[PDB]
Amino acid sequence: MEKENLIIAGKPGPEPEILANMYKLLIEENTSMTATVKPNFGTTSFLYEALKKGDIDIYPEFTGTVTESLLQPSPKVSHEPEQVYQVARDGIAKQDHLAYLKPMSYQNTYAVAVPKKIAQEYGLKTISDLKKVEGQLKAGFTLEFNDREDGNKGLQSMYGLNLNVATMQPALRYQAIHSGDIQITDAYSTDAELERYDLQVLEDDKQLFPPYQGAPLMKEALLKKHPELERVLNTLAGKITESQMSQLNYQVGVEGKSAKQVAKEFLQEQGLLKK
């Protein structure tokens, strides 16, 4: 008699769309609620604010992003993913009363990336190596990465790097680095574009980037209304490897397949969804 509909959003990209449709498929099979997925609905701070204000109900957030962008002041965390999740989970509950569920296994980190030929021609192995050639190479970064302390501001503070940066739209940066307009971009480690374009990830030798694992973020009030959401979505906890997410991103972003159908097929193959 109550078929409440949940709004599930995801940041720009095939990956959050896949994850949101996974949440929707799981919720509709195992609960009495429905869900609407809002693709590419906004960047981190928009979804975070929409969640607190109640314009959306759930979105997938990443552990290092909670501690680095969402928590103010940002706590000094280790590199161990489980401890970082605990700080994020406990921290985001105290600050904003948000229930951060348990993470999936794969990490999706910011990844400073250059074409393989650029790495070989310039002797680039680590992020530190970029200081050698910061006057010769052009970088194209998302605005959010430019805005973040664990992004370009961290490249400046932690490495002393002063890159020549053009601010880029997220969906256009890979084509620019492939075409030669830029030689450095802020890749995401599960992005299918890394292998497609023969990009090489530079090693985070100073460990600017914390761990990033994804998990559902929602108001505590929604969990109180619907406690079954915790068990239902936590079937993803500790699941989905890096290579599994990458192939799903490839299926949606590159092969043009429906995010819902890709999500559904993977869930069924893995035994989390009927049929």
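One-based numbering along the sequence shown.
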Report summary line: Mean B factor on CA atoms, stretches 112-120 and 140-148, record says higher is 112-120
Report summary line: Going by the entry, of stretches 100-108 and 122-130 the one with greater average Cα B-factor is 122-130
Requested in this report: Tell me which of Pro60, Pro211, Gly42, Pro227 tops the list for C-alpha B factor in the record.
Outcome: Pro227
Report summary line: For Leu202, the third of its chain by CA B-factor is the middle
Requested in this report: Could you tell me which third, lowest, middle or highest, the C-alpha B-factor of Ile8 occupies within its chain?
Outcome: lowest
Query raised in the report: Which third of the chain does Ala221 land in by C-alpha B-factor: lowest, middle or highest?
Result: highest
Report task. Report the third (lowest, middle or highest) to which the CA temperature factor of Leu155 belongs, ranking only the modelled residues of the same chain. Result -> lowest
Report task. Going by the recorded CA B-factors, say which third of the chain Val254 sits in, lowest, middle or highest. Result -> highest
